[PDB]
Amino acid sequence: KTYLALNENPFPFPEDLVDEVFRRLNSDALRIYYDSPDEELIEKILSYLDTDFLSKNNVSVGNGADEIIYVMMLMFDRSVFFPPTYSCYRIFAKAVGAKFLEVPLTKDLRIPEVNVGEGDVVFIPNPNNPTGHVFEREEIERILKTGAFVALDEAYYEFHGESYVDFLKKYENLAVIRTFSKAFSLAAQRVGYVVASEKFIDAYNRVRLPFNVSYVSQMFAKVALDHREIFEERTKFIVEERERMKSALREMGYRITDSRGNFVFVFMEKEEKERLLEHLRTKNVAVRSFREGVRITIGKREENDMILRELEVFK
């Protein structure tokens, strides 16, 4: 069943690297409560961020970006996001028992307008999920300026050029959220990290479980970082394949988003939508369904061309 529904990296984790992990782990470590953010892991996360302002104290980690989101809504009066966004901001907020406010994105995906100010946390996944489009930093400042806390979920950073992390130089009410689930093929290992003001990390760490990231998991994070180029070349393909089938879709007469993620969003009505879903299913093909369209993830060349073929015998 050709799977393209969760923005999962088409590439398995390099076998070479799995070995290095295995060959670099100390059996004697598995018995003890290993430090959550490894001193080493943070050092690698920094050299990967490549900055000159953030330090050790500006970083922490979570059991997958999620746990980060999950624990942040726990430390703010109200969570504010803007559908259509990450499907889990709503679910988690409700589960954690946080007060949230959902303000629909404009007719043009732009960030709406609402109260928002200190005491608030506003989740802005840029590249957004699931349109994949990118909020212009002019926009994130608007909200930063409100004094409210901005949680930039740069979960798709690797697929898109820049990341507004540098905003940390002049805004302390911001925290960048990243993950290894995407570009690094570690979605099953649950490793995510956060970048924010020292005052933040110091608080964040106090509310999160002490040991939220397995020994073995940071190792993968760490080995993964020591071979970033291997991944940056899969990514290079992911994107090059993505900004292909987009051109391939527009030709077929589809209306898509200018996504900069490891996926493409295809706009289309509920009726005909439910139709090609029943058609894709008879073709063992799966994609992410939503309101206002479908989000198809980027897979292997053959999978990718599959979509373009089965999506033309339709429209």
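Note that the rigid core is defined as the largest set of C-alphas that superpose within 1.5 Å between two forms. From 1 onward, residues are counted along the sequence shown.
K.L.:
Relative to the presented form, and with the rigid core used for superposition, do the C-alpha atoms of 42-50 or of 268-276 deviate more in 4 other deposited structures of this protein?
P.N.:
Higher root mean square deviation of C-alphas in 4 other deposited structures of this protein is shown by 268-276.
K.L.:
What stretch has the higher average Cα B-factor here, 90-98 or 174-182?
P.N.:
Stretch with the higher mean C-alpha B-factor: 90-98.
K.L.:
Where do the C-alpha atoms have the higher mean temperature factor in this entry, in 142-150 or in 67-75?
P.N.:
Stretch with the higher mean C-alpha B-factor: 142-150.
K.L.:
Go through 226, 158, 108, 202 one by one and give the residue whose Cα B-factor in the PDB entry is largest.
P.N.:
It is 108.
K.L.:
Among the choices 32, 276, 41, 61, identify the one whose CA B-factor in the record is greatest.
P.N.:
Of 32, 276, 41, 61, 276 has the highest C-alpha B-factor.
K.L.:
Which third of the chain holds residue 112 when residues are ordered by C-alpha B factor: lowest, middle or highest?
P.N.:
Its C-alpha B-factor, which the entry lists for residue 112, ranks in the highest third among residues of this chain.
K.L.:
Would you please rank residue 299 by its C-alpha temperature factor against the other modelled residues of its chain and give the third it falls in: lowest, middle or highest?
P.N.:
Its C-alpha B-factor, which the entry lists for residue 299, ranks in the middle third among residues of this chain.
K.L.:
Going by the CA temperature factor in the PDB record, which third of the chain does residue 259 belong to: lowest, middle or highest?
P.N.:
Middle third of the chain for residue 259's C-alpha B-factor.
K.L.:
Would the CA B-factor of residue 239 place it in the lowest, middle or highest third of its chain?
P.N.:
Middle third, going by the recorded CA B-factors of the chain.
K.L.:
Using the B-factors in the PDB entry, rank residue 49's C-alpha atom against the chain and give the third, lowest, middle or highest.
P.N.:
It belongs to the middle third of the chain when residues are ordered by C-alpha B-factor.
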